[PDB]
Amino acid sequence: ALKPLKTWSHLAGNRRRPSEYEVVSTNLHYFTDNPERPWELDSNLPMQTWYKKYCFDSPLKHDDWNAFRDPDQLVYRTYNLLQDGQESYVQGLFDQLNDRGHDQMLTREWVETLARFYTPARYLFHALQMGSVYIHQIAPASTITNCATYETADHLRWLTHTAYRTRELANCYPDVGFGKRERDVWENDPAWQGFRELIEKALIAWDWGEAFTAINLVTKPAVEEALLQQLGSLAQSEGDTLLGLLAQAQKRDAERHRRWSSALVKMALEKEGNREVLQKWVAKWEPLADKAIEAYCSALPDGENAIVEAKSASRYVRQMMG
């Protein structure tokens, strides 16, 4: 007869009574159970083929991915406590700077900047959600997926702030087209084609390791440096305390994604080959990050310096993991 255990079977002899996190997160996926036929069906289905090609046959290899752990140890329950608090704080900023009519105190210049440089981010931001969402469902481990799961909602979070703020800007400045114009800008404004191209092409990198690099290691720090860092300090200097703050807030989210991305990279470098494998996708993609930063930051005030600060900061992300 099989004895009752202290914890889950797959977790025995850990020597640390397992955390709530290790309990609800680990070894969840099953399709990694039969690499030859991942899904309980004909082995030749298009989805079978997709998972074999893009998930199993990644040049980025480990022998136990389920050994991964999110440094923040995030679970559904504690993602919501974290985020409930952070949403109180921003919903509070919205509520109260409105109260003041903060939107009225901004200049005709600064306003024109916003419509060009801020509100179209709704597209870039949703695009990241798709890219981040896509990592979810091809990552080779339930803990990698979860990290991605939560990262994706933050992305949603940011789309929402940005959608909200637009309605309010459209409200305060009706003659500008706020909410109506962003697509066109996204699609046709030289400032935005650096980013659009980078993101359009990352969105079809199907291999999980290439997606994770393409999206998390290259694209995100570019978007984060250009749209949050640079448009952030400029907004603050230009009178916009709200966006100065709103952006600083979103960056706490971004810093958490950089943690779990760093963590996974730390994990991949335990195995020979991977540094190269990753340096190779970096070097494929980075050129587009630079192109993206360049076309966006130079349309800004103090263009040439924004381009330099951002490039070096985003590069820094990657240097700090090797």
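Numbers for residues come from their place in the sequence shown, where the first is 1.
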| field | Mean temperature factor over C-alpha atoms, higher-scoring stretch between 21-29 and 8-16 | value | 8-16
| message | Quick check on the record: does 37-45 or 267-275 carry the larger mean Cα temperature factor? | response | 267-275
| Which one of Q193, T149, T160, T107 shows the top CA temperature factor in the record? | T107
| task | Ordered by C-alpha B-factor within the chain, which third holds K280? Give me lowest, middle or highest, please. | result | highest
| request: Give the position of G239 by CA B-factor within its chain, expressed as the lowest, middle or highest third. | output: highest
| said: Split into thirds by Cα B-factor across the chain's modelled residues, where does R116 land: lowest, middle or highest? | reply: lowest
| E224's Cα B-factor: lowest, middle or highest third of the chain? | middle
| field | Third assignment of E200 from its chain's C-alpha B-factors | value | middle
